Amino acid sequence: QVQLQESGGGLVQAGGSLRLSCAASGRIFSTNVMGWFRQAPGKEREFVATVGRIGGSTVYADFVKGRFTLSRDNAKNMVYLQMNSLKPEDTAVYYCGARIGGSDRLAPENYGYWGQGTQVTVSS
């Protein structure tokens, strides 16, 4: 069906910022199904951010602590993750997955069409 492509990652100092972008191309009907995930070497793929069920709401992982923000720009079919006050713990490969179905926005198994990933490295 659809194809996902992440960008915006890189090397940043602690306290710094980055803006990740995900481009969706295919039979995608909404930017709502898209969700951000992360995977540090030797660690499981964990949830980062996705849309909430009701309008005005966004679901963030407990580690985000107000630092990251999920955006959309519906038209050009793209989502964005504005990452601020970056800590070395945030070092991982950030993935953009499209919710295939199920009924759990947080579970990585209900996702699919995952991109190649964008590496974010937070240093000294």
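One rule holds for the numbers: they count along the sequence shown, beginning at 1.
The stretch 89 to 97 shows the higher mean C-alpha B-factor when 89 to 97 is compared against 51 to 59 in the entry. Of the two segments examined, 30 to 38 and 61 to 69, it is 30 to 38 that shows the higher average Cα temperature factor in the deposited entry. Sort the modelled residues of the chain by CA B factor and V12 lands in the highest third. Ranked within its chain, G102 lands in the middle third, by CA B factor from the PDB record. Per the PDB record, residue ranking by Cα B-factor puts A75 in the highest third of the chain.
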